[PDB]
Amino acid sequence: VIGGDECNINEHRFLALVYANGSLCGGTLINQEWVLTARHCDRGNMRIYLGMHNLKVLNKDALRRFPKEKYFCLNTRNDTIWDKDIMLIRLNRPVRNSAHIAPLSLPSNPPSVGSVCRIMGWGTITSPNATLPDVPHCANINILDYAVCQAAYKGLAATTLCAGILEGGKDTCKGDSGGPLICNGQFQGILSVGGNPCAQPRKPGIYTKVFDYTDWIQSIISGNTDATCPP
Ligand SMILES: *[C@@H]1O[C@H](CO)[C@@H](O)[C@H](O)[C@H]1NC(C)=O
Ligand SMILES: *[C@H]1O[C@H](CO)[C@@H](O)[C@H](O)[C@H]1NC(C)=O
Ligand SMILES: *[C@H]1O[C@H](CO)[C@@H](O)[C@H](O)[C@H]1NC(C)=O
């Protein structure tokens, strides 16, 4: 996250730290056994850490998990960038609520353009050139008119939200992918892609639009067979 500050230690109980093949991502605990992240974060041998804040001062209740179930959309476009960038993972064992662990559930509605959203992650706080923080950084950004992302980007995927600061300066960045966009207290986005360097004016982040995936998520977790992703 560029242009933010250290998150409050208590404001991200649903935030998962996802490590796969040395690559860093965020994720969101949506109930006691399941995490939503970006499918692009599935880079191999995934370890999912819950209840983490400082990577160098471990919360007493921090836990390590790995995927026991893993789902994503099988029909993805090839012409858009990271189409349907979402992956739903069931953890190997549940994680109970604790000081630093609690799920964030499914949004009741997609967010209005203009809504203030929190972004968060352990991703770089500088761009270009990686500077990885020991603590997750958080910033407030907004849901932007989708046309802003359409103007900034080539093959923008559908089922996405455009979020950032129109003038730049605050943004997610490398290492934050898969992490949540929380707007008005609701889990609305999973970071997929954005501009590099990060936080440029009119080059917002592209967040998979969680609301659109409600049926898919519920279908998978509720056990009814071979759900389908939204168009
Ligand atoms: C679609 O684009 C991806 C980029 O990730 C590339 O790996 C792949 O070769 C493309 N699909 C086809 C039809 O080759
Ligand atoms: C690990 O997997 C990712 C998949 O995207 C790849 O980028 C990376 O090169 C791999 N690392 C190794 C050991 O080559
Ligand atoms: C990091 O990359 C950027 C250009 O992409 C540049 O500003 C810098 O010279 C590189 N590394 C450093 C810190 O010197």
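Visitor: Would you explain the environment of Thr214 in this entry?
Guide: Its location among the elements puts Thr214 in helix α2 (residues 214-222). Sequence separation of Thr214 and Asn109 is 105 residues, and the distance between their C-alpha atoms is 9.9 Å. With residues near it in sequence (within four places) discarded, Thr214 still touches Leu106 and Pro107. Of note is the side chain of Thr214, whose polar atom sits 2.8 Å from the backbone oxygen of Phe211.

Visitor: Teacher, can you tell me more about the sheet that holds strand β4 (residues 34-37) here?
Guide: As a general point, the strands of a sheet are linked pairwise by backbone hydrogen bonds and lie either parallel or antiparallel. With respect to topology, seven strands assemble into an open sheet ordered β6-β5-β2-β3-β4-β8-β7, the strand pairing being antiparallel. In this open sheet, the two edge strands, each paired with only one partner strand, are β6 (63-65) and β7 (67-72). In this sheet, neighbouring strand axes are inclined to one another by 30 degrees on average, regardless of whether the strands run parallel or antiparallel.

Visitor: Hey, could you run me through the UniProt feature "domain: Peptidase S1" in the protein in this one?
Guide: This chain's UniProt record puts "domain: Peptidase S1" on residues 1-222. Counting secondary structure, residues 1-222 comes out at 7% helix and 32% strand; the distance between its end C-alpha atoms is 34 Å.

Definitions and limits used
Residues numbered from 1 in each chain as written, not as in the entry; some residues may be left out. Chains lettered and ligands numbered in written order. Heavy atoms only, no water. Helix = DSSP H or I, 4+ residues; strand = E, 2+ residues; numbered from the N terminus. Contact = heavy atoms within 4.5 Å. Polar contact = N/O pair within 3.5 Å; in protein donor to acceptor, adjacent residues only side chain to side chain. Pairing = 2+ DSSP bridges. Axes fitted to C-alpha atoms, helices over the stretch in contact; angles between N-to-C directions. UniProt positions renumbered as here; feature names shortened; annotations may be inferred.

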